[PDB]
Every structure is written in C-alpha cells, then in structure tokens.
Amino acid sequence: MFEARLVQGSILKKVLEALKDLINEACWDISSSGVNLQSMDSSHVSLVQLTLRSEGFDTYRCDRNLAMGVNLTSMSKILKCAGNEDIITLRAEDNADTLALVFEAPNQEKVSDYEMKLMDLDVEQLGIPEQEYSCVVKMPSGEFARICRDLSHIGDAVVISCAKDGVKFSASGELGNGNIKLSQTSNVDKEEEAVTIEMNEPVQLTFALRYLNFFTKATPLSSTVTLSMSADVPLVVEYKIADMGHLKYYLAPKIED
Amino acid sequence: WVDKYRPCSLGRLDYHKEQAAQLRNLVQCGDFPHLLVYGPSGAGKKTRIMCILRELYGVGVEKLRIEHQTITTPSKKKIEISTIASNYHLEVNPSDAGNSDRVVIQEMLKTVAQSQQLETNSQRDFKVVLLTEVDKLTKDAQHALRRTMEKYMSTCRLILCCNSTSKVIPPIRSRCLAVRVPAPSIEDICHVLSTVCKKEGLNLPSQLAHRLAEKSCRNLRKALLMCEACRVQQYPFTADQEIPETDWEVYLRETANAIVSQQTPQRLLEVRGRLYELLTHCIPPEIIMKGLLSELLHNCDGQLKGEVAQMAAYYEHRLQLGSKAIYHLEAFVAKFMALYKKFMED
Amino acid sequence: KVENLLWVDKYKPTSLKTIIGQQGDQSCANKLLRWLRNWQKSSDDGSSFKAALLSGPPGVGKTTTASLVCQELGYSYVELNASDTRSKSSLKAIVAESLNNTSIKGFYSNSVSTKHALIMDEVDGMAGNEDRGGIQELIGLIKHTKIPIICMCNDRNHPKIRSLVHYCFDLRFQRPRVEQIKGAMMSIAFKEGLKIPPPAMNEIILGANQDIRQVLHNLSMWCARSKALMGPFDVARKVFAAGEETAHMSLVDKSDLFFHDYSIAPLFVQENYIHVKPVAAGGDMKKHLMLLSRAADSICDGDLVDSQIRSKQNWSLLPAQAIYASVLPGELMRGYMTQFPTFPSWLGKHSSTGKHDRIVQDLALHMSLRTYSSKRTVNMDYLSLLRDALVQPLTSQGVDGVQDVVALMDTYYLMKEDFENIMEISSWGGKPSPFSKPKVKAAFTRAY
Amino acid sequence: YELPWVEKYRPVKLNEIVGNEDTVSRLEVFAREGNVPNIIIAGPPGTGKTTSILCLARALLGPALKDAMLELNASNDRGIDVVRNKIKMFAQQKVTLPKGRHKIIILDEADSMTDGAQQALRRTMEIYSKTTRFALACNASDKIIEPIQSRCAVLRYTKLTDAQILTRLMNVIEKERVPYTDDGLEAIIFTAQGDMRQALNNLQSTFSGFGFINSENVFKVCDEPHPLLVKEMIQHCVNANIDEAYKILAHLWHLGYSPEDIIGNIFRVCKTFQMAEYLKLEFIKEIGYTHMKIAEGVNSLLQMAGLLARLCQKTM
Amino acid sequence: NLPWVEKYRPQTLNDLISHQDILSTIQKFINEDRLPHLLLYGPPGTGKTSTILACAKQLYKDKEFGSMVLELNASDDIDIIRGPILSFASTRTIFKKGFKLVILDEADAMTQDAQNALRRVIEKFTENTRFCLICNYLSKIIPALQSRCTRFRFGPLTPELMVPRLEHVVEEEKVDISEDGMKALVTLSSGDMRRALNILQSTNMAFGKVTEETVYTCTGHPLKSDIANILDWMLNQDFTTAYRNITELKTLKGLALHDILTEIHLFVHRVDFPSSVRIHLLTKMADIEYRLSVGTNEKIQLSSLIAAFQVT
Ligand SMILES: Nc1ncnc2c1ncn2[C@@H]1O[C@H](COP(=O)(O)OP(=O)(O)OP(O)(O)=S)[C@@H](O)[C@H]1O
Ligand SMILES: Nc1ncnc2c1ncn2[C@@H]1O[C@H](COP(=O)(O)OP(=O)(O)OP(O)(O)=S)[C@@H](O)[C@H]1O
Ligand SMILES: Nc1ncnc2c1ncn2[C@@H]1O[C@H](COP(=O)(O)OP(=O)(O)OP(O)(O)=S)[C@@H](O)[C@H]1O
Ligand SMILES: Nc1ncnc2c1ncn2[C@@H]1O[C@H](COP(=O)(O)OP(=O)(O)O)[C@@H](O)[C@H]1O
Ligand SMILES: [Mg+2]
Ligand SMILES: [Mg+2]
Ligand SMILES: [Mg+2]
C-alpha cells in the first residue's frame, strides 16, 4: 500500500494544472524515495520530469514500487474539487485499479474522498544524463512568463541568444519584429528578482512559443525559473517546488539549416 | 486535327448554314432564351454551342479552365465532379453523379447565379450554364432543373446539349427553344473532308472521301478520325485503302461473329468473357447491343430478323432497369443462341 | 496457459521480411523503404515528394508496413489515428510546431537516433464535421515540412483524397496472391497445432477476399469450431446438384439456401450456372441451350428485384429475389456441375471498370482545349487514335518519337503518367501494347 | 407492475438459447476457454443476438460485469466525440481480470452508427486488443463499414425453425400453465415467422387479453389475413376460376387489408402449398412480379385482379 | 363555421363505434393498470386519435394533460428520439405519481434508425412512460419495434354501423337527405367516418341538399352512367369512333385514365363475360395501369385500352 498525506495540499493542485495541458496521461512512478514522473508530450517535442521527494510529504508510506498510469485531465478534474487549504491524502493498494484521494478540510467536518480510475500505460523511462549546460539563466518566474506571453503576440518562434552581457529573446512575425534583451542584475536587496546569467559559450537556439507558454503554466509553483541551455540539446526550464522537489521541462530546438 | 479545324464563328460553319444564320439572328436580338440543342452524336452540337458562345460573349470564352467541385449526397458518400468553366459560362455534365444528379444541378445553378452577381459586365447581363448529356438525368433531377431554371432565369441562361430528347420531361421542352442539329449529309461530310485535306495540302481523292463518309455513317467526328488515321498509316491516298476502325468496333464485330459461329455453352462462356472485356473498357451497353444486333442481323434470315430485333429491344429495355448490365447482355446472347440454333438445325 | 492475445497480434510481422504481401524488388514496402532512407535528399521517381500515401484494400499490411519501415531505419514516428481529432485548428495546434522541430527522442533515448517522422494513419477518416478542414491543413503542412509525413488511406479514389495525392508519393498495396497467404497461414496453423485441408484453406482465403486479418480471424473461429467438437462455395455448389436433394429439399429449404449469405449468393449462382449439364436435357444441345436461356432470363429477373431493393430499403422483397435468382435457375439447371464453384468475379470487374473510368476521365479532362466528353467512347476513340498517333513516330523512326511525343503531349496538355495511362488502356483481349514491340525507351524516360 | 414474459424468461446462460446450435456452440467454447475476439453478431430480429452477447459477457467476466463491461445502445449518444472520448477512456482504463478475461464493449445496434463513428472506432479496436474486446450486434451486416468487419469475426444468425420456437413456447407454457390448443400454437408459429420474441409477445398478449389460446383467438390479436382465405383463393386460381378467386380478393379488400399485407400472405402461403412443382414455380414467378409492381407504388385492386388473371391463365 | 368532423367527436370511450372488442379490451387495461404500449394501425378516419384521446382523458385529468402527455407527430422530423422523447420518458413529473403517455401520430413516417432508437427508449423506460404509436401501414414499421407493443387493427367501418351515426347527425342538424343520398355518401366515403361527415357537410353547405347526384357533382366522382357509356363505346363500336367518343367525353369533364380504368375494372367484374374474356381484359388493364404509372402519353394508353377491349 502506498499512502502519502500532504498538508500543503495546494502544491498538488498547482502541479496538475501545470501538466494537464502539456501531458494528457502520465505514469506516476511511486517508490520509497518519493514520486517521479517522466512523460513525453504526444508530439515528441517536449518532455516533463516531476520529482516530489518523500521527505517533503507530511507522511509517506510506500512498500512496493508502484507505477500507476493516470489520466492527468481526470486527475486535474478530481483535484479541482479540493479547497486550497485541504490536506490531500493519496492512497493506493498493492496493485489496485483506483487511486483514492482524500481531501480533508483543515478546520471542518467536511471530508471528501474521491476515487480516481487509473489507466494502462506502458511507457519507457528515457535516459536523461546529467549535463553541464553552457548558459544558465536564473530569473524570476513572472518575468519569464511575461516575456513568453509577450513574444507570443509577435511570432511563434523565439530565438534565445545567451551572450556574455545578458540573455536576449527575439521573435519575428507578419506584423513586425521584437526582441527583449535582459541584462544581468546587481546585488540588490530582494533575492528572487535578481537575474543571474552564468554562461560559458555564447549559445543561440530557436524554440517554439506554444510549448514555452505551456511551460509557464507552472509559475505559481515557484518565484525563480532556471533556464539551462547548451548547443543542440533541449532547453531545460526548471521550477523548484517548496522544498519538496522540482519540475523540469525539456523543449527541443527547432530544425536549423 | 479534329480540334484544329473546327470553326469558331457562326459565319464559318460548314453545313446547316440556314440554321447558322438563324442562331446568329437569335443571339443578336435581346433576351437570349434557354436553348435545348439536340441531334445525333457527332453532328456538331458542341461546335454550334461554342460558336453561339463566341457570338454571345467576347473571344474570352475560349480561355477556359477546369474546376473540380465536391458534392455531398444525402449521406456521407461524397462525390467529385469536373466543371469546365470560362469567365462567362460553365459546362458541367450533371450525370456522373449517378443518382445524386439532383443536388449538383441545384448547387451549380446557385453558384453560377451568385457569381454573376459579382460584376458581370463584359457584354451581357447573364451567364451560360451548359449542361451536356441531359437526356440521362433522372426525373427527380430534371424536376429540380425545371425549378432552378426559372428560379434564376434572370441571371443565367441554360443550354441543354442532349440527343434524342425523348427522355426529356415536357415541362422542360416547354421552357427551352428547341434547336435541332441533324447529322450532316454524305456530301457535306465529303466536302468538309476535302476542305480539311486541302487546308492540310493533301491529295484526298474523290473515291476515298466517299468511302470514309459511307463508313462514318453520318458521324463527322468518326469521319475526321478515320481520315486522320488512314494518313498515319499510308500517306499516299489511293482508291482502295484499308481505312481502319477503332479497337472496340472490331472487338464487338468479332464477338458477334463468334456468337454466330458456335452455339455451345463453351462458346457462350467465351462470349461472356468478351462482354466483360467490352464493359470493362466503359463502352455503354446500348452501344454494345446495337453493334451486336447489326452484325447479327447480317447473319440471319429475313424471317428471323423480326424476332431478333424484338429480342434486342426487349433485353436492352430491361437492362435500363436493372443494375448489372452483364446479366442482361448474356441473357440476350443465350436467347439468340437458343433461337438461332433451333432455326438453323430445324 | 490461457492466451490473452489474438492471432492478429501473436503472429504480426515483427520484422520487415515477414510482410506476406510484398517481399519483392520494387514493392510497396521496399519502395517506401528507399523513399525514406534517402528522404534527406528531398529536404521510384518519388524522391521529389515530401510525403507518402500508402493506399489499398483493408487488411493488407499498410499500418504494419509503415511502422516496420520507420522502425528499421531508426526513425521515430508520431501516429495520428482516426480516433484523434484532426480538425484544422486542432491539427495546426498539435502537429504544426512538430514538423519543423527536432524530436526529443533524438537526444534522450533509453541507441540515440535522430530522423523523426510523422505518420497520419486513416487519412480518409478525416471526414465529417468533427474533422472540419483536416485535409486542407494537412496538405498545407505537407507543403512546408521538414520531416517525412507518411499518410495512409484506404481508397485513393475519394473526393477529399484526390486533392491530396498531388503532393504524395503514391503507393498502392495489392491484394496478396492466394499462394503467398496460403503458405503463410499454413505455417501459422502448423505453429498453432491446427490441421486444415489445403482446399479448405483456399476456400477461407478466397471467401475473406485475401484480407490477411480476416483470414486470421477466420482461422481463429475455425479452430474454435474444431474445439467445439456452410460457406459461400458450399451453398453455391448445393444449388446445382441432383441425386441427394430430391426429398431432402423443399421450396422452403431451396429458398433458404439463398438466405445464408444473401448478399453474395446471387452472384455465385450467376457465375456458376453456366458449367452445369441439365439432367433434364440428355445431351440434346437444342434443349440445353434453351435451359440456359431460361436460367439467364430468371437471373435477370433477380437483378431487377435487386435493383429495386437497393434504392428504397424495402427488405420485404428478399423472398422474391431468392425465387428469381437462386431457386428457379436451380430447377432449370439441375444437372451436374463440371468443375468447381468458382468465385463470382464480378466485384473485381466492377472495380476495374471504376479504375478505367476515372483514368479515361482524367486523360480526357486534360484534353479540354475546345473538345470534351466526360467518359464516353467519344474519348475512347480520341484516345485510341492518340495511341496510334504517338506510337507511329517511334515505330517508324527512333529519331522522331521524342519530337512527336513531346509535341502532342504538350498540344493536349499530357504528362508521362498520362502516357502510361494511354498505353495500357487500349489493350483488348490481353493483346500486348504496340509500345513493347527497346533502347529508345530508356532514354525516353530520362530525357523527357 | 409485473414485467413481460420477454424478460421474465430471458435465458441467463448460453445453454438456454435455442437459436443456432453451431454459433452458440462456438460461443460456449469462448465462454469456457476465455479469449474472445471482437465479434459482430448479425442476423434477423428476435433471434437472440443481444441475449447471446449478454450471456457471453456474463459467463466471461462474472462478478466484474459492472466494472469490465460497457454497453452502448442505439438510444445512447454514439457520435464521433463519444467514440473518441468515452469508448477510448474505457479501453485505456485498467481493470484486473483473471488470466484470459478481457473487458467487453458491447455496441448493440452497430448498424446505427454513422461512418465517422466507426472510423474513429477502428484503431481503438486494434490497439487495445490486449485487454479490451468488442462485441457488436446488428441486423444489416452491410451497414458496418468494411474496416470494422475486417477486425471482427462475423457470426451469422438465421431465422428459427418452427420446432425451436415450439420447444421454447412449451417451456414457457409449462411455467405459466396457460390453457392452449394445437391450432392456437400453429397460429402463433405462423404469425411469428421465426422471431422468437414476437412469438412470446403474441403468446403473452393473447393470454392476457383472453386467456385460452386457440387460432380463432390468436388471429383476434394479430389480425392479419386469415391464411385459410388465402389458401382458398389460391385454390380457386388453380382451377382457373377467376370469378371465384376475385370473390375472396374483394372480400379481403373490403376489410381494408393493405395490398402489401395481402401479397405477403399470398406469397407465404403459396410457397408452402400443395400444388404441383412446375405450377407452383409458375405461380411464385407471377406473385413476385406483382409484389415488385406493388412495392414500386402501383397498389390498386386492379393490380391484384391482374395477378389473379395471370395465375388463372397459367393453368390455361 | 365549426366543421361537423369536430362537433360530433366521441368525447367518451363508449361513444366510439364499430370497435367494441378493442374498446372493451383497452377499458379493461385501464381498469387494472395493465396498459401496455399500444400500436393502433389502420386506414384513415376510423377512430384512432379519438380512441387514445378518450383513453387519456379517462386516465389523467385536464390539468395533468400538459405535463404527463406528449402528443408528438412523427412527420415533422433520430434526433426527435434522443431529444424530447428521451427527455420526457426518463424524467418524472414532480408531484404526479403514475406513468406518462407518449402519443406518436404518423408513427410510420419514421426512418428505421429512429425506430431502433425508439425501441430501445421504450424497452428502457417501460414503467413510467407508456408509448402509443399510431400508423396506417403496419408494414412500414420495423418488426423489432412492433414486437414491443400490442397491435390493434382499426379497420374500416361497415356501412350498417356507420349509418346510425349519420342519421343522428342528420336529425340533430337539418339535412334533407334522400334515401339514396345516404347510399351515395356511404359508398363514396369508403368507410372512414371523417370523410363521410366532411363530404356531407361540404355538400349540404355548397348546394343545400344531398342526393345521389349532388354528392357525385360535389366530389367530382365519375358517374356510373358515364363509365357505362365508355364501356358501351368500347364494346359495341368501331375502333376509331370509340376513340373519338371516349376522348371527347374524357376532355368534356375532367377525367384521367386512372379513374376510367378503375371504374372500367369494376364494370368488367360487374357485367357478364365468358369468364375467359375477362382474364384478358383484366390482364391488359393491369398492364395499362403499370404503363401509366411511369409518365407516358395518355393518347397511346387510351388507344391501348380500346385495343384490349377489341377482343370482342
Ligand atoms: N502482409 C502481411 N503480412 C503479415 N501479416 C499481415 C499482413 N497484412 C496484414 N497482416 C496482419 O493483419 C493485421 C492488421 O494488418 P494492418 O497492416 O493493420 O492492416 P491495415 O493495412 O492497417 O488495414 P486497414 O488499416 O484496416 S485499411 C496485422 O497485425 C497482421 O497480423
Ligand atoms: N434463441 C433464443 N432462445 C431463447 N430465447 C430467445 C431467443 N431469441 C430470443 N429470445 C427471447 O427473446 C427476448 C429478446 O431477444 P433478443 O436477445 O432481444 O433478440 P435480439 O437479437 O436482440 O433481437 P433484436 O435486437 O431486436 S435484432 C429474450 O429476452 C428471450 O426471452
Ligand atoms: N368510431 C368512431 N366513432 C365516432 N366518430 C368517429 C369514429 N371514427 C371516426 N370518427 C369521426 O371521424 C373523425 C376523425 O377520426 P380520427 O380518430 O381523427 O381518425 P384518424 O384515425 O385519426 O385518421 P388519421 O389520424 O388520419 S390515420 C373524428 O373527429 C370523429 O368525429
Ligand atoms: N461546321 C463544321 N465544320 C467542320 N467541322 C465540324 C463542323 N461541325 C462539326 N465538325 C466536326 O465535329 C467535331 C465535333 O463534333 P461536335 O461539334 O462535338 O458534335 P457532337 O457534339 O454531336 O459530337 C469537331 O471537332 C469538328 O471536327
Ligand atoms: Mg491500419
Ligand atoms: Mg438486441
Ligand atoms: Mg388522427
């Protein structure tokens, strides 16, 4: 039996509204170490890796390593039934067909125990190796979301150029051209908004904006987004969780001529 | 060169000159009516129609294109049709849609009527919707044609190019000026052949042109093709050329001769194979029946010809009611064998 | 141990040398393999296309062919079935940004291989209001792509697909010959421990119309009936017998013989009634011919009833048809079948007629200078004279075949495909085309 | 509210279906071993298609029938959107069944699905065949597109002989103790025409309206042209007596029997009649011709009288 | 003003005539709460939509009649089944306890797919909604659907039964009806009380008196003497003078060839022939009718009919 009680319930909610539009159905790999989720977009262009460590869950109990396929749309539809203050308890039997989610209101007698129906998913874990990226840009999440949502109005392809002095996003569409250059920030009081660009070689890649806008749906997860990027490897948009794990999005570059 | 010497102006026609002057007077006066032009195949209905269009609109009626429209049946069986169109007319054959000929008429007439509302100013205030092969429209489609012909009378005129109007509803015959294009005489065919060869600069003699005319059987296109085909093989033109005939004429003739030769089921099976080879090449069953019946009547007795003629008429009639033509063709053959053997033996 | 898998999945073609249909030099699977292997040179004479269109009858191996081809070359494909919505908006929001993009399977593999391709299966299912504007956006994607799109259809002669074939390398799967499927299914039935007489195997393969999936499902049901311890050919042979059905059959039974497979029984009877020798007509050919004519009359009456039932769905005339097309001829031809109840062979002739029809219609539409007749013999005689026009220059002089072929091909707006169509279209009686009756044809395809 | 006999006596296991011994034998084999293929059961109405599929699904799954079976009637929305969402999410759904058992998706009235729905159902049938099995039922097996028949075993069903309907009718009578007589049972079997559900419905309606079952009473609730009158009319036509056959014909026309009904009964009676053989065939030919002419729309009494005149002049 | 086909409608269930067995059985069904789905079929004007409406008004009240009875015509439109019918049958009515009633008039104009859907709807909700289908051709109804429900053939009304109601209507109104005007009304009605009352009212309102001549002129029905004249021209004249006479009569009054042919058939059966001649007349007339059904010239078909009669 796998039972995981999480007091910070909202996290789950947010995560599922972060994936439910990029991924349609995923395979939660539960183990005594935590919860992992590696899942490729249906068009084989974007990959997502979620990790929630067992030390972040208020109570964690996994006996045998489960691998439960869920329909992330159905899971989001179930989790939308929980208030932002609820204590969420996932529970699943040895090899059950259903996953019981118990939302307990914090200070009431209202306890709502739903029972989602798992699906059959035969996915293979892609092997992503630990890399040392050329350009790592740690910026505020809202900043990146604004950048992507703005450039989506101009054109449907963002050219990211990570030079020495600062990163520069660019786009060109039938109504004109635009480019947001983003300079590194100084050692000024607030820490979260301090842009931090650590580069080794000036890289330049071209990515699709549809998937970047799918990525930015996880901005409420954390305030700082980390863009790792090297030549001819997928962009790595990483959002930390509140000391529970992380959520990384790999986006593959456009075809260069 | 069949398409290389066909005239393009009503004053340039080779035969039926009084009718040509009449048609010119018609297009000259106002309010061009709905025309129903008919007459045996290969007599010049399309030539006269194209000349009428050249007299009606400018010469821009020759710079045409080929549009491919899709129609939807009262179910999901989608059908695709071919409309040859110009800047002032549209020639569609609303019969390839086998039994969905009622919707193509409505939709095409509607589309042409609405396109004429987009600044038709060249010389006339209407367009022409030339429907070829009208006598094969279903009655439910001819009724729609009747309705949508008046519904959009003011903006588009119709020219129905059929032959042997016998299967055209009187409601239509009463709303179209009947232009009748007879088959040109033997002498007219001879004169147009001599004219074509002289413009070609050839030596077409006076005894070969007459053989071409008598073999063409008042069909001008057949005569022109035979003249062109006796040149691709033996340019010098003598009095006794072996003027060729199309492949299927020969096949249908040898099939009839085979039916006449033997009267055994082992022969009837080979005749079934021949009828399949004929049907597969998409030649109409009525043509098969008429061509078989002729060569058969050439090999019967005067007392038997009546029964055979009535048998062919009966079977052909029934074939126009069923779906699989090979059934009725083979039945006709089997019946003729059973009759001819009993006649010859006895 | 119980099996949780069908035969259609136990004995699927796990490799490429196992596709029963095509293992030849230039077949639908090797042509596609060679078009894919050197697709990079695009961005057979099909190296100029950006997409393939595998089309043909059901159950022949199109899906398996495309999957195994994309799998042998290390490609990685994204299949889009008909159970996936593919309207214009959905299509250009799902697969638009993936065509000119790199696949993440190209970096992270569990070896690593680039060359991502797309597979658009069941492209003729993109019909109806749900998939509104699918084919238009699909050709708009094919026009601007950077990865090989492999579209699969089911009937190339479709209105929506006719606007798509102009952009796709056109492959066409043939129904596999009966001997190939026979060898394969005999090997399979041997693996399974099921013994079936080869005649019954030929019967099963023919009744299923050489549909390998259907013959596999039929073998499964056969083995099921075997473990439990009347086909079309059998009933078609039981209607023209004499000696055993004297008291065994009545009008109800003879009328029921039609109802076993009432959709195909009349065709079987019309095909096999001619190989019978009426016991009533004891060798007297004058009576045997008369019985044949009477049976033919009855079969035409059955055809009339059939054409009447088809139009308005009036299933109350089924007994009348059973009387005209199956019982009557029986009593008229009640002798002894000679050889075998051969297949009706009318469906193939109707399909070939539809092919010749559309071929002639296309060739005639290109000759729309100032003359046209949709599909009549008017065009069959223009096109016979065009075939004798074309072949003449080359028959008589090798040096003028090119000049005249081009002059005519461009005077009437014709192409090389049109040439091939006009050549083996007017071959009556299996007569060889006057173009194979040598050295100039090689330079003829290369210089055109 | 008591439920009808068509349901109170519905067979709950395949040993009680009397329809087609060979096909039901195949299905019992499948209910024993357990690895069914996608099956399309096609046949005339009332013969036990829905019942066979339901009993097969029950015997396969067992107590997981609430969890592993999805039935979709003709009264349910089965457009392309339902086929792409509900049926697909059920095929993908995980249910743990014994070794050889599979989930079952019963699409009753499979001939009522539009082509788009079946096209969207093809690949769902094909992909998930490792855990999901489909069981379609239909009457017109040509309304199902060819690619769906290519991935199904097409099990044919045929009408029931009179003996089978009689056995089941006696099994029901024994349980209900309804007073009957042989002529009444022959009347019910004549009005049934193979439909085993029609026979039961007529039995229950007759018993509930009147009680005792006799032919006089059976033809008081069915009320089609009494086969004795039609037999007498055909007999007069055999003796070349037109003026005495038109008598019965105009009598039947007086009571307002539609000519389609008159021709249906004339055919069904002239088929199993006691004439010669050649004469019977010469009669059935003309009756078929007139049936064609009436289905086409020429349904006046003059056409029936012309049919009688032809039948008379066949026997000089 | 108000038509007599509505003023004299049978308001109760016993005011129905000529169907005493069916009416008694339906009344017994009502008394015992055993009312099954009903299929009322038969020729027009015989009392179907009145039988079921009387049964309804006996079953519900007049204020429950809007929320528990769905009177739906089937000739307006598969969507009608899963639409209003499935949404009416599946839902309860809030405060009323008891089944509902759905009355599908013209239930044979439904396509076969709609009848499959409706058969499943019926089979499902069979204890809170009773269906009553109404049709003229039971042959048009799918055998599946008809199996579900008990069938009642409302045949035509014999003239003995229907004459008393016409006599009551005549006495209640003021119609000076002759002793044969009633006969020429019963004959032309052909056994549907609606047409009988309609013809009677319209003729009494147009001419003012009903007799054997006035009704024949108000309905334009070909008089018996005219058809006798035509048969005499055909039977006792030259071919050409019969063609001329028949054409002149056929154009004098509005007369087609279908009606000529029908009446001439009835006469062929009336008058005495050698009984081997009427086999020929009947065959030829039944072929001429088929020939006319396909849209042919009537000038060649009339001549064919005269040729048929020239066997004499
Ligand atoms: N050439 C073949 N060789 C071996 N098995 C075959 C072959 N063709 C079909 N099969 C079998 O039939 C099954 C289905 O074949 P598919 O290739 O899926 O048919 P299909 O061409 O997709 O037909 P559609 O999609 O209905 S038009 C496979 O799983 C194989 O078991
Ligand atoms: N072969 C049979 N053996 C026993 N009872 C049968 C048989 N066929 C039908 N029945 C009875 O008839 C009832 C209805 O039969 P169904 O299984 O509904 O037939 P069906 O094939 O569904 O007919 P449709 O769906 O209208 S085409 C069942 O509840 C049984 O009581
Ligand atoms: N048995 C009857 N008793 C009394 N009046 C009747 C009877 N039958 C018909 N009528 C009268 O005829 C009129 C029409 O009868 P309806 O019941 O409407 O016939 P109908 O069966 O509905 O015909 P349809 O709907 O066109 S098939 C009614 O208004 C009554 O006045
Ligand atoms: N007046 C004419 N002068 C010369 N050739 C003609 C004339 N009329 C018809 N033709 C010949 O007939 C050919 C086509 O006949 P067409 O006009 O199509 O008649 P139909 O429509 O009956 O076949 C033309 O290409 C031309 O060769
Ligand atoms: Mg496939
Ligand atoms: Mg059923
Ligand atoms: Mg009514």
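Protein sequence lines correspond, in order, to chains R, L, W, C and X. Last residue of the first sequence: 257 in full-length UniProt numbering, with the numbers rising by one and none dropped. Last residue of the second sequence: 349 in full-length UniProt numbering, with the numbers rising by one and none dropped. Going letter by letter, the third sequence gives residues 580 to 622, 639 to 705, 710 to 828, 846 to 1053, 1056 to 1066 in full-length UniProt numbering. Last residue of the fourth sequence: 349 in full-length UniProt numbering, with the numbers rising by one and none dropped. Going letter by letter, the fifth sequence gives residues 19 to 95, 98 to 332 in full-length UniProt numbering. We put the CB at the ideal spot given by N, CA and C, even for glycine.
Query                                                                                                                     : Result
Opposing strand residues paired with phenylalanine 207/R [DSSP bridges]                                                   : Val158/R
Distance between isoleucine 925/W and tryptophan 931/W (C-alpha atoms, nearest Å)                                         : 7 Å
Inter-residue spacing [alpha-carbon to alpha-carbon] between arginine 1003/W and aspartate 114/C                          : 52 Å
Residue burial classification, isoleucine 114/X (beta-carbon count within 10 angstroms, cutoff 16)                        : exposed
Per DSSP, the bridge partner or partners of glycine 178/R                                                                 : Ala171/R
Of the listed residues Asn817/W, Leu793/W, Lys794/W and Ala1065/W, nearest to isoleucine 804/W (C-alpha basis)            : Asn817/W
Chain-ordered residues of the segment 108–138 of chain C with a beta carbon less than 8 Å from chain R                    : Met122, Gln125, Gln126, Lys127, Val128 and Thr129
Sequence-distant residues of its chain with Cβ nearer than 7 Å to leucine 199/C (five each side left out)                 : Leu218 and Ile222
Within 7 Å of ligand 7: residues by beta-carbon to any heavy atom                                                         : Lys66/X, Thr67/X, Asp125/X and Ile154/X
Any residue whose CB is nearer than 6 Å to a heavy atom belonging to ligand 6, listed in chain order                      : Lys82/C, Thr83/C, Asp141/C and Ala170/C
Residues in the segment 116–140 of chain R having any Cβ partner in chain C nearer than 7 Å                               : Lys117, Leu118, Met119 and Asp120
Within chain C, partners of residue 708/W - CB distance below 8 Å                                                         : Placed between 705 and 710 in the numbering, residue 708/W has no coordinates, as chain W goes from one to the other without interruption by modelled residues.
Closer than 7 Å at the beta carbon, the chain X residues around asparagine 234/C                                          : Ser167
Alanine 231/R, buried or exposed, once every other Cβ within 10 Å from all chains shown has been counted against 16       : exposed
Assigned exposure category for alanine 716/W - 16 Cβ within 10 Å defines buried                                           : buried
Segment contact flag, the segment 51–63 of chain X with the segment 156–166 of chain X, C-beta cutoff 8 Å, min 3 pairs    : yes
Minimum Cβ-Cβ distance from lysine 714/W to chain R less than 9 Å                                                         : no
beta-carbon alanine 137/X near ligand 2 non-hydrogen atom, thresh 8 Å                                                     : no
Rounded straight-line distance, which links the Cα of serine 219/L to that of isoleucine 189/L                            : 9 Å
Member of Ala134/X, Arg102/X, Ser107/X and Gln330/X whose CA lies at the smallest distance from the CA of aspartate 110/C : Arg102/X
Proximity test, Cβ basis, 9 Å: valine 233/R and chain W                                                                   : yes
Segments of 4+ residues assigned as alpha helix (DSSP H) that fall wholly inside the segment 105–185 of chain X           : 106–109, 132–144 and 163–168
Proximity below 9 Å, CB of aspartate 143/L to CB of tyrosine 18/L                                                         : no
Beta-carbon separation (whole angstroms), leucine 285/C vs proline 260/C, contact threshold 8 Å                           : The pair is not a contact, with the Cβ atoms about 12 Å apart (cut-off 8 Å).
Which of helix, strand or coil DSSP assigns to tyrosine 952/W                                                             : coil
Selection of the segment 226–256 of chain R by Cβ proximity to chain W, strictly under 9 Å                                : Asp232, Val233, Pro234, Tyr250, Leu251, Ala252, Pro253, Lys254, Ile255 and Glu256
Proximity test, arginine 974/W beta-carbon vs ligand 5 heavy atom, cut-off 8 Å                                            : no
9 Å Cβ cutoff met for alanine 145/R and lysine 14/R                                                                       : no
Residues that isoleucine 890/W contacts on chain L, provided the C-beta gap is smaller than 8 Å                           : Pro268, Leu271, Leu272 and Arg275
By C-beta, the residues closer than 6 Å to any heavy atom of ligand 5, given in chain order                               : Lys657/W, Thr658/W and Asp720/W
Chain L within 9 Å of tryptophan 618/W, Cβ atoms only                                                                     : no
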